[PDB]
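Take a look at the structure set out below.
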Amino acid sequence: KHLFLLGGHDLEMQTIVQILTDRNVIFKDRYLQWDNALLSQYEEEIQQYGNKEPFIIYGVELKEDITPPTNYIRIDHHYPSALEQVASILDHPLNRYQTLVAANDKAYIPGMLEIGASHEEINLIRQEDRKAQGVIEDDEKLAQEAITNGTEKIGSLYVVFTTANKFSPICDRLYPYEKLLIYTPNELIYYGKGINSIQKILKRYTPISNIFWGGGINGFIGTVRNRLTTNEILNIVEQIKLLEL
Ligand SMILES: [Mn+2]
């Protein structure tokens, strides 16, 4: 008797829920999100089924903050994706939509281009991932108005002013880009090349406790919402634009 505990919600997890549902496999979805994708949320299930023989508990991208039981199998990324692993466990053959979900999860748009995604499949997967991540229609429409009316190109840098709360509707519509700076009155995020030079600027204005970053070709660096004043953000924006001279 297999039991799945699900973690952070994205297109993959939403595609996993659908496969589990169509294979009649029991799962508990606590509508979790990356900020709280912890094995601790499921202690009630861990204490009912854990170490009991007949049950195998699969954890799907669950952070193991408490000690897992003996009948726990971890499903995460390191190499197959959680969707592929779950699909091998269930011997479910992935359809085209599902192979594109897996590719998008592993490698964003380049991963879909490598499997031969048409332009309208990429848009559809991108749109469906943004919905599954909680982007509301308003941010989509604010991204279109920001791109159309508040986007200003300087050197290789895209600079976008917006009142949106989520920025993926902007990123996905401006891709491919080399440098992208998105700012609101309350936060800014920088995407693309040169994150370390942007790092010097941000530290001149805030502790590193309020800065978040990720490396690589899809690298980014930004400030946590409302941790900088609007005046400080406006000043930081100018200094980033002076890096293009
Ligand atoms: Mn994944």
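Letters A, B, ... mark the chains of the structure tokens in the order given; residue numbers begin at 1 per chain; ligand numbers begin at 1, in order shown.
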Under the rule of at most 12 Å, produce a per-residue listing of chain A near ligand 1: chain, number, name, the closest pair of atoms, and the distance in Å, as a Markdown table, using only C-alpha atoms and all ligand atoms.
```
| residue | atom | partner | partner_atom_place_in_ligand_line | distance |
| --- | --- | --- | --- | --- |
| A:6 | CA | ligand 1 | 1 (Mn) | 11.5 |
| A:7 | CA | ligand 1 | 1 (Mn) | 10.0 |
| A:8 | CA | ligand 1 | 1 (Mn) | 9.0 |
| A:9 | CA | ligand 1 | 1 (Mn) | 9.6 |
| A:10 | CA | ligand 1 | 1 (Mn) | 8.0 |
| A:11 | CA | ligand 1 | 1 (Mn) | 8.8 |
| A:12 | CA | ligand 1 | 1 (Mn) | 6.1 |
| A:13 | CA | ligand 1 | 1 (Mn) | 7.6 |
| A:14 | CA | ligand 1 | 1 (Mn) | 10.9 |
| A:15 | CA | ligand 1 | 1 (Mn) | 10.8 |
| A:16 | CA | ligand 1 | 1 (Mn) | 10.2 |
| A:34 | CA | ligand 1 | 1 (Mn) | 11.0 |
| A:60 | CA | ligand 1 | 1 (Mn) | 8.8 |
| A:61 | CA | ligand 1 | 1 (Mn) | 7.3 |
| A:62 | CA | ligand 1 | 1 (Mn) | 10.9 |
| A:75 | CA | ligand 1 | 1 (Mn) | 9.4 |
| A:76 | CA | ligand 1 | 1 (Mn) | 6.9 |
| A:77 | CA | ligand 1 | 1 (Mn) | 6.1 |
| A:78 | CA | ligand 1 | 1 (Mn) | 9.6 |
| A:79 | CA | ligand 1 | 1 (Mn) | 11.0 |
| A:80 | CA | ligand 1 | 1 (Mn) | 9.2 |
| A:81 | CA | ligand 1 | 1 (Mn) | 5.6 |
| A:82 | CA | ligand 1 | 1 (Mn) | 5.5 |
| A:83 | CA | ligand 1 | 1 (Mn) | 7.3 |
| A:84 | CA | ligand 1 | 1 (Mn) | 9.6 |
| A:85 | CA | ligand 1 | 1 (Mn) | 10.3 |
| A:86 | CA | ligand 1 | 1 (Mn) | 11.2 |
| A:101 | CA | ligand 1 | 1 (Mn) | 9.4 |
| A:102 | CA | ligand 1 | 1 (Mn) | 7.6 |
| A:103 | CA | ligand 1 | 1 (Mn) | 9.7 |
| A:104 | CA | ligand 1 | 1 (Mn) | 9.2 |
| A:105 | CA | ligand 1 | 1 (Mn) | 5.4 |
| A:106 | CA | ligand 1 | 1 (Mn) | 6.7 |
| A:107 | CA | ligand 1 | 1 (Mn) | 10.1 |
| A:108 | CA | ligand 1 | 1 (Mn) | 11.1 |
| A:129 | CA | ligand 1 | 1 (Mn) | 11.8 |
```
Same residues, C-alpha atoms, output as an mmCIF file, in the first residue's frame:
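Dumped everything to part26.cif:
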```
data_model
loop_
_atom_site.group_PDB
_atom_site.id
_atom_site.type_symbol
_atom_site.label_atom_id
_atom_site.label_comp_id
_atom_site.auth_asym_id
_atom_site.auth_seq_id
_atom_site.Cartn_x
_atom_site.Cartn_y
_atom_site.Cartn_z
ATOM 1 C CA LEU A 6 3.481 15.952 -1.780
ATOM 2 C CA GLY A 7 5.556 19.096 -1.395
ATOM 3 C CA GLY A 8 5.920 22.420 -3.197
ATOM 4 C CA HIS A 9 3.371 23.207 -5.880
ATOM 5 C CA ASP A 10 4.608 23.698 -9.442
ATOM 6 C CA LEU A 11 3.597 22.228 -12.802
ATOM 7 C CA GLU A 12 5.443 19.025 -11.920
ATOM 8 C CA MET A 13 3.622 18.543 -8.620
ATOM 9 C CA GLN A 14 0.305 19.366 -10.269
ATOM 10 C CA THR A 15 1.136 16.837 -12.970
ATOM 11 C CA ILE A 16 2.123 14.291 -10.306
ATOM 12 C CA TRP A 34 8.649 25.883 -1.372
ATOM 13 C CA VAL A 60 8.059 14.036 -3.149
ATOM 14 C CA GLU A 61 10.441 17.014 -2.744
ATOM 15 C CA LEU A 62 9.870 17.140 0.993
ATOM 16 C CA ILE A 75 11.787 11.426 -4.370
ATOM 17 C CA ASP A 76 13.795 14.552 -5.281
ATOM 18 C CA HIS A 77 16.181 16.088 -7.833
ATOM 19 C CA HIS A 78 19.968 15.724 -7.983
ATOM 20 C CA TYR A 79 19.225 12.494 -13.219
ATOM 21 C CA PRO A 80 15.474 11.819 -13.391
ATOM 22 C CA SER A 81 12.881 14.342 -12.218
ATOM 23 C CA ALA A 82 10.237 13.656 -9.589
ATOM 24 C CA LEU A 83 7.652 13.290 -12.357
ATOM 25 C CA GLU A 84 9.790 10.712 -14.164
ATOM 26 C CA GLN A 85 10.608 8.840 -10.944
ATOM 27 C CA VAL A 86 6.950 8.715 -9.899
ATOM 28 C CA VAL A 101 6.587 19.397 -17.960
ATOM 29 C CA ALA A 102 9.587 17.288 -16.963
ATOM 30 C CA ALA A 103 11.888 19.141 -19.358
ATOM 31 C CA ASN A 104 10.647 22.541 -18.166
ATOM 32 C CA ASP A 105 11.223 21.515 -14.543
ATOM 33 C CA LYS A 106 14.789 20.364 -15.229
ATOM 34 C CA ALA A 107 15.937 23.058 -17.645
ATOM 35 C CA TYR A 108 13.327 25.800 -18.222
ATOM 36 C CA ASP A 129 3.706 26.685 -14.681
#
```
Neighbour list for segment 114-124 of chain A as a short mmCIF file (atom, residue, chain, number, x, y, z; two decimals) with C-alpha atoms, in the first residue's frame, cut-off 9 Å, only C-alpha atoms, skip fewer than 2 positions in-chain:
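Dumped everything to part.cif:
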```cif
data_model
loop_
_atom_site.label_atom_id
_atom_site.label_comp_id
_atom_site.auth_asym_id
_atom_site.auth_seq_id
_atom_site.Cartn_x
_atom_site.Cartn_y
_atom_site.Cartn_z
CA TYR A 97 2.51 17.28 -22.26
CA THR A 99 7.53 15.06 -21.05
CA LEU A 100 7.47 18.81 -21.61
CA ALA A 103 11.89 19.14 -19.36
CA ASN A 104 10.65 22.54 -18.17
CA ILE A 109 12.84 26.74 -21.91
CA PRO A 110 16.17 25.29 -23.16
CA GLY A 111 15.08 21.92 -21.79
CA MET A 112 11.88 22.13 -23.78
CA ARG A 126 5.14 28.52 -19.30
CA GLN A 127 1.63 29.84 -18.75
CA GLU A 128 0.62 26.61 -16.92
CA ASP A 129 3.71 26.69 -14.68
CA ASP A 172 9.07 34.51 -19.58
#
```
Could you tell me, as an NGL selection string, which residues of segment 15-196 of chain A DSSP assigns to strand (DSSP E) when given the backbone? :A and (26-28 or 56-60 or 72-75 or 151-154 or 157-161 or 179-183 or 188-192)
Output file for the selection above: N, CA, C and O atoms, as a compact mmCIF listing (two decimals), in the first residue's frame:
```
# COMPACT_ATOMS: atom_id res chain seq x y z
N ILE A 26 -3.16 6.67 -3.33
CA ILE A 26 -3.45 7.60 -2.26
C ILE A 26 -2.29 8.56 -2.06
O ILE A 26 -1.11 8.18 -2.15
N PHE A 27 -2.63 9.83 -1.81
CA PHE A 27 -1.67 10.90 -1.55
C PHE A 27 -2.37 11.92 -0.69
O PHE A 27 -3.59 12.08 -0.76
N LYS A 28 -1.53 12.64 0.05
CA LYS A 28 -1.99 13.79 0.86
C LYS A 28 -1.31 15.04 0.31
O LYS A 28 -0.08 15.04 0.27
N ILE A 56 4.42 1.80 2.31
CA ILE A 56 5.55 2.60 1.84
C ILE A 56 5.10 4.04 1.64
O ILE A 56 4.14 4.31 0.92
N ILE A 57 5.81 4.94 2.31
CA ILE A 57 5.58 6.37 2.24
C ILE A 57 6.63 6.97 1.32
O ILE A 57 7.84 6.87 1.58
N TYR A 58 6.19 7.57 0.22
CA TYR A 58 7.07 8.29 -0.69
C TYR A 58 6.95 9.78 -0.41
O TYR A 58 5.85 10.34 -0.42
N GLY A 59 8.09 10.42 -0.15
CA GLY A 59 8.14 11.86 -0.02
C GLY A 59 8.62 12.52 -1.30
O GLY A 59 9.71 12.22 -1.79
N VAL A 60 7.80 13.41 -1.86
CA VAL A 60 8.06 14.04 -3.15
C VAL A 60 8.51 15.47 -2.88
O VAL A 60 7.68 16.36 -2.63
N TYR A 72 10.13 5.01 4.42
CA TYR A 72 10.08 6.26 3.69
C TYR A 72 11.04 6.19 2.51
O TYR A 72 12.20 5.83 2.69
N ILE A 73 10.55 6.49 1.31
CA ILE A 73 11.36 6.58 0.10
C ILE A 73 11.36 8.04 -0.33
O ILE A 73 10.29 8.63 -0.52
N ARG A 74 12.54 8.61 -0.51
CA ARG A 74 12.65 10.02 -0.90
C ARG A 74 12.63 10.14 -2.43
O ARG A 74 13.29 9.37 -3.12
N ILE A 75 11.86 11.11 -2.94
CA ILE A 75 11.79 11.43 -4.37
C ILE A 75 12.16 12.89 -4.52
O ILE A 75 11.39 13.77 -4.11
N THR A 151 9.34 49.71 -20.00
CA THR A 151 10.59 49.01 -20.27
C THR A 151 11.53 49.90 -21.06
O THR A 151 11.15 50.49 -22.07
N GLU A 152 12.78 49.97 -20.61
CA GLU A 152 13.73 50.97 -21.08
C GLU A 152 15.05 50.24 -21.27
O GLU A 152 15.51 49.57 -20.35
N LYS A 153 15.61 50.27 -22.48
CA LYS A 153 16.80 49.47 -22.74
C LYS A 153 18.04 50.37 -22.66
O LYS A 153 18.07 51.45 -23.24
N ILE A 154 19.04 49.90 -21.92
CA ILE A 154 20.29 50.62 -21.67
C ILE A 154 21.46 49.65 -21.75
O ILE A 154 21.57 48.73 -20.93
N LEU A 157 21.20 45.91 -20.91
CA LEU A 157 20.32 45.76 -19.75
C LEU A 157 18.88 46.13 -20.09
O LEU A 157 18.60 47.23 -20.56
N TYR A 158 17.96 45.20 -19.84
CA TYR A 158 16.53 45.52 -19.80
C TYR A 158 16.19 46.05 -18.41
O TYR A 158 16.55 45.42 -17.41
N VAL A 159 15.51 47.20 -18.32
CA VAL A 159 15.06 47.74 -17.04
C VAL A 159 13.54 47.93 -17.08
O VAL A 159 13.02 48.68 -17.92
N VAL A 160 12.83 47.25 -16.18
CA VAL A 160 11.37 47.18 -16.20
C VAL A 160 10.84 47.67 -14.86
O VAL A 160 11.14 47.08 -13.81
N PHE A 161 10.07 48.75 -14.88
CA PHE A 161 9.33 49.20 -13.70
C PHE A 161 7.95 48.55 -13.71
O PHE A 161 7.29 48.52 -14.75
N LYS A 179 20.52 40.62 -19.69
CA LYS A 179 20.46 41.27 -18.39
C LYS A 179 19.05 41.82 -18.24
O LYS A 179 18.49 42.38 -19.18
N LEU A 180 18.46 41.62 -17.06
CA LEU A 180 17.08 42.04 -16.82
C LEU A 180 16.96 42.56 -15.39
O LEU A 180 17.27 41.84 -14.43
N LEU A 181 16.51 43.81 -15.25
CA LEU A 181 16.34 44.44 -13.95
C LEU A 181 14.88 44.81 -13.80
O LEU A 181 14.36 45.61 -14.59
N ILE A 182 14.23 44.21 -12.81
CA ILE A 182 12.82 44.47 -12.53
C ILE A 182 12.74 45.12 -11.17
O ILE A 182 13.30 44.59 -10.20
N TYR A 183 12.04 46.24 -11.08
CA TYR A 183 11.86 46.90 -9.80
C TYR A 183 10.43 47.38 -9.66
O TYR A 183 9.76 47.71 -10.64
N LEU A 188 13.37 44.85 -5.73
CA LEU A 188 14.00 44.75 -7.03
C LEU A 188 14.64 43.38 -7.14
O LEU A 188 15.17 42.85 -6.16
N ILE A 189 14.62 42.82 -8.35
CA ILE A 189 15.34 41.59 -8.65
C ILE A 189 16.10 41.78 -9.95
O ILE A 189 15.58 42.34 -10.92
N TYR A 190 17.33 41.29 -9.97
CA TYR A 190 18.21 41.39 -11.11
C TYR A 190 18.45 39.98 -11.65
O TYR A 190 18.76 39.07 -10.88
N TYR A 191 18.28 39.80 -12.96
CA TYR A 191 18.45 38.50 -13.59
C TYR A 191 19.52 38.61 -14.66
O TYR A 191 19.57 39.59 -15.41
N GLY A 192 20.36 37.60 -14.75
CA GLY A 192 21.30 37.53 -15.83
C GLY A 192 22.72 37.71 -15.35
O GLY A 192 23.05 37.51 -14.17
```
So which one's closest to residue 222 of chain A, A:113, A:198, A:135, A:234? Using only C-alpha atoms, please. A:198
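Non-sequential neighbours of residue 38 of chain A (distance at most 7 Å, separation of 6 or more positions within a chain, only C-alpha atoms) are residues 62, 63, 64 and 65 of chain A.
Considering the residues A:2, A:241, A:200, A:96 and counting only C-alpha atoms, residue 125 of chain A has its shortest atom-to-atom contact with A:96.
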If we count only C-alpha atoms and set the cut-off at 12 Å, which residues sit around residue 235 of chain A, ignoring sequence neighbours fewer than 5 positions away in its own chain? Please answer as a ChimeraX atom specification. /A:183,185,188,201-202,204-205,228-230,240-242
Which residues in segment 95-233 of chain A does DSSP call helix (DSSP H, G or I)? List them as a PyMOL selection string. chain A and resi 96-114+119-132+137-149+168-174+195-203+208-210+230-233
Output C-alpha atoms for every residue in that selection, as a PDB file, in the first residue's frame.
```pdb
ATOM      1  CA  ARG A  96       3.861  14.651 -24.676  1.00  0.00           C
ATOM      2  CA  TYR A  97       2.510  17.281 -22.262  1.00  0.00           C
ATOM      3  CA  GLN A  98       4.105  15.376 -19.397  1.00  0.00           C
ATOM      4  CA  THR A  99       7.534  15.065 -21.049  1.00  0.00           C
ATOM      5  CA  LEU A 100       7.470  18.815 -21.610  1.00  0.00           C
ATOM      6  CA  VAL A 101       6.587  19.397 -17.960  1.00  0.00           C
ATOM      7  CA  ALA A 102       9.587  17.288 -16.963  1.00  0.00           C
ATOM      8  CA  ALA A 103      11.888  19.141 -19.358  1.00  0.00           C
ATOM      9  CA  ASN A 104      10.647  22.541 -18.166  1.00  0.00           C
ATOM     10  CA  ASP A 105      11.223  21.515 -14.543  1.00  0.00           C
ATOM     11  CA  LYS A 106      14.789  20.364 -15.229  1.00  0.00           C
ATOM     12  CA  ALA A 107      15.937  23.058 -17.645  1.00  0.00           C
ATOM     13  CA  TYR A 108      13.327  25.800 -18.222  1.00  0.00           C
ATOM     14  CA  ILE A 109      12.837  26.740 -21.908  1.00  0.00           C
ATOM     15  CA  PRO A 110      16.169  25.291 -23.160  1.00  0.00           C
ATOM     16  CA  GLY A 111      15.080  21.919 -21.787  1.00  0.00           C
ATOM     17  CA  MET A 112      11.885  22.127 -23.778  1.00  0.00           C
ATOM     18  CA  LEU A 113      13.665  23.279 -26.930  1.00  0.00           C
ATOM     19  CA  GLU A 114      15.921  20.217 -26.741  1.00  0.00           C
ATOM     20  CA  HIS A 119       6.581  27.807 -29.803  1.00  0.00           C
ATOM     21  CA  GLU A 120       2.941  27.338 -28.728  1.00  0.00           C
ATOM     22  CA  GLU A 121       3.773  24.381 -26.471  1.00  0.00           C
ATOM     23  CA  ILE A 122       6.438  26.489 -24.720  1.00  0.00           C
ATOM     24  CA  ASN A 123       3.996  29.339 -24.133  1.00  0.00           C
ATOM     25  CA  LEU A 124       1.392  26.872 -22.836  1.00  0.00           C
ATOM     26  CA  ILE A 125       3.783  25.143 -20.426  1.00  0.00           C
ATOM     27  CA  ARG A 126       5.138  28.517 -19.301  1.00  0.00           C
ATOM     28  CA  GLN A 127       1.631  29.843 -18.746  1.00  0.00           C
ATOM     29  CA  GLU A 128       0.624  26.612 -16.925  1.00  0.00           C
ATOM     30  CA  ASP A 129       3.706  26.685 -14.681  1.00  0.00           C
ATOM     31  CA  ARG A 130       3.017  30.318 -13.720  1.00  0.00           C
ATOM     32  CA  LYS A 131      -0.570  29.442 -12.769  1.00  0.00           C
ATOM     33  CA  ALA A 132       0.529  26.385 -10.814  1.00  0.00           C
ATOM     34  CA  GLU A 137      -4.105  37.046 -13.901  1.00  0.00           C
ATOM     35  CA  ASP A 138      -3.376  40.574 -12.657  1.00  0.00           C
ATOM     36  CA  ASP A 139       0.385  40.064 -12.713  1.00  0.00           C
ATOM     37  CA  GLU A 140       0.141  38.704 -16.271  1.00  0.00           C
ATOM     38  CA  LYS A 141      -1.659  41.880 -17.374  1.00  0.00           C
ATOM     39  CA  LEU A 142       0.704  44.098 -15.363  1.00  0.00           C
ATOM     40  CA  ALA A 143       3.656  42.319 -17.043  1.00  0.00           C
ATOM     41  CA  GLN A 144       2.272  43.201 -20.483  1.00  0.00           C
ATOM     42  CA  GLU A 145       1.777  46.838 -19.556  1.00  0.00           C
ATOM     43  CA  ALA A 146       5.203  46.996 -17.898  1.00  0.00           C
ATOM     44  CA  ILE A 147       6.918  45.519 -20.963  1.00  0.00           C
ATOM     45  CA  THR A 148       4.942  47.774 -23.323  1.00  0.00           C
ATOM     46  CA  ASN A 149       5.000  51.081 -21.367  1.00  0.00           C
ATOM     47  CA  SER A 168       7.901  35.392 -13.905  1.00  0.00           C
ATOM     48  CA  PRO A 169       5.250  36.871 -16.275  1.00  0.00           C
ATOM     49  CA  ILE A 170       7.913  39.449 -17.193  1.00  0.00           C
ATOM     50  CA  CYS A 171      10.888  37.040 -17.389  1.00  0.00           C
ATOM     51  CA  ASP A 172       9.067  34.514 -19.582  1.00  0.00           C
ATOM     52  CA  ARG A 173       7.933  37.195 -22.033  1.00  0.00           C
ATOM     53  CA  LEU A 174      11.362  38.841 -22.314  1.00  0.00           C
ATOM     54  CA  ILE A 195      25.393  39.124 -10.251  1.00  0.00           C
ATOM     55  CA  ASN A 196      28.552  39.727  -8.236  1.00  0.00           C
ATOM     56  CA  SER A 197      28.850  43.343  -9.349  1.00  0.00           C
ATOM     57  CA  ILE A 198      25.178  43.872  -8.430  1.00  0.00           C
ATOM     58  CA  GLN A 199      26.044  42.246  -5.081  1.00  0.00           C
ATOM     59  CA  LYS A 200      28.536  44.992  -4.258  1.00  0.00           C
ATOM     60  CA  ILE A 201      25.848  47.617  -4.860  1.00  0.00           C
ATOM     61  CA  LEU A 202      23.173  45.918  -2.734  1.00  0.00           C
ATOM     62  CA  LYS A 203      25.546  45.504   0.210  1.00  0.00           C
ATOM     63  CA  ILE A 208      23.072  40.167   3.273  1.00  0.00           C
ATOM     64  CA  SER A 209      20.228  38.744   5.366  1.00  0.00           C
ATOM     65  CA  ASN A 210      17.833  40.640   3.039  1.00  0.00           C
ATOM     66  CA  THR A 230      11.637  53.147  -2.327  1.00  0.00           C
ATOM     67  CA  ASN A 231      14.296  55.873  -2.363  1.00  0.00           C
ATOM     68  CA  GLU A 232      17.009  53.251  -1.838  1.00  0.00           C
ATOM     69  CA  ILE A 233      15.620  51.075  -4.627  1.00  0.00           C
TER      70      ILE A 233
END
```
